[PDB]
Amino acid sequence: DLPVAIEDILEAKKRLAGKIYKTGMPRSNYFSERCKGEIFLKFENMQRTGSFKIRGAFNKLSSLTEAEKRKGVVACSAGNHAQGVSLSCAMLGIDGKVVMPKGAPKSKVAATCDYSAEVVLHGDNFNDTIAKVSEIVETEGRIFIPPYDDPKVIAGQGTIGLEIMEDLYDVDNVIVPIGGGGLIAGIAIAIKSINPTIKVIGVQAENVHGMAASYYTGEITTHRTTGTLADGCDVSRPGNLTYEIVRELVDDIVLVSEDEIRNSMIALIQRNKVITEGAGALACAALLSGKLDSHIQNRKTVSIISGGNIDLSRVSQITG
């Protein structure tokens, strides 16, 4: 019934072969001690471009036909998706345009430019960039690259699930952050197809959690009050495909506070020597919050460190 299947993920594994490589997943001393169970950290912060998003973007772009590639590609993002698309464009020789707001974090702009794609600065908000993307699609015929709501993107993300089970046969739980739901949807399909006894559990911020609201509600729903330290997961409404998949496969979704995200970031950097952005600390925030204690005690749990694209100045600011 689902719009993505295990075969799509195995196709992605084939496309990524020799181009995108497996990230580390070591046991954590600190988290294992705190949580009274074995906690493993999946280092997607050490994936190319500093987050997992290269996987889905590279799978989508590589899966394009020659004629589709020649049309050029377009995206809108002021962070991790921008970088994933840009590098994929360089790796594949595809012509790319990435739209951002008029004045977005300078670290992310030069990184996106350095990765090859043309950056177009436009608008005072994300709505305005989508509008500009809409113009670029209509006027230039470029192919839009969705950040989550696309079967190839979901399939790319799912390669992470394969790696997890390759490295740790007897895993009990996989804890995953959610924005639009591509990461968890992909991982869920991979994990549940191979071993459905493994629990797949999502995490979002209290301040903004469209997917969680949808999950609780039983239909696609919007939820946002304000932004979050987990800015990569600041998504008010989930994808159509990703919600469909999450509704069926995900075992639960928990919410964590801004303080819990902060604490998790501090633990990861201070006690695990791992640089994470807010969204990359969400899963570990859930672990430290106590909300997963019944699942994790005396068991084996993988926590996704989804990204590390944050300035050290910002890390210092948050640590205090």
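Start at 1 and count along the sequence shown; that's the residue number.
Trainee: Mean CA B-factor: is it higher for 126-134 or for 235-243?
Mentor: Here the higher of the two C-alpha B-factor means belongs to 126-134.
Trainee: Which has the higher mean CA temperature factor in the PDB entry, 135-143 or 114-122?
Mentor: Higher mean C-alpha B-factor in the PDB entry: 114-122.
Trainee: Using the B-factor values recorded in the entry, state whether the Cα atom of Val109 falls in the lowest, middle or highest third among the modelled residues of its chain.
Mentor: For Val109, whose C-alpha B-factor we compare with every modelled residue in the chain, the answer is the highest third.
Trainee: For the chain shown, is the CA B-factor of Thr301 in the lowest, middle or highest third of its modelled residues?
Mentor: Lowest third - that is where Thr301 ends up once the chain's C-alpha B-factors are sorted.
Trainee: Hey, what third does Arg271 fall into on Cα B-factor, ranked over its chain?
Mentor: Highest third - that is where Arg271 ends up once the chain's C-alpha B-factors are sorted.
Trainee: According to the PDB entry, is the CA B factor of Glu206 in the bottom, middle or top third of its chain, that is, lowest, middle or highest?
Mentor: For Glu206, whose C-alpha B-factor we compare with every modelled residue in the chain, the answer is the lowest third.
Trainee: Would you mind ranking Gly280 by its C-alpha B-factor against the rest of the chain and naming the third, lowest, middle or highest?
Mentor: For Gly280, whose C-alpha B-factor we compare with every modelled residue in the chain, the answer is the middle third.
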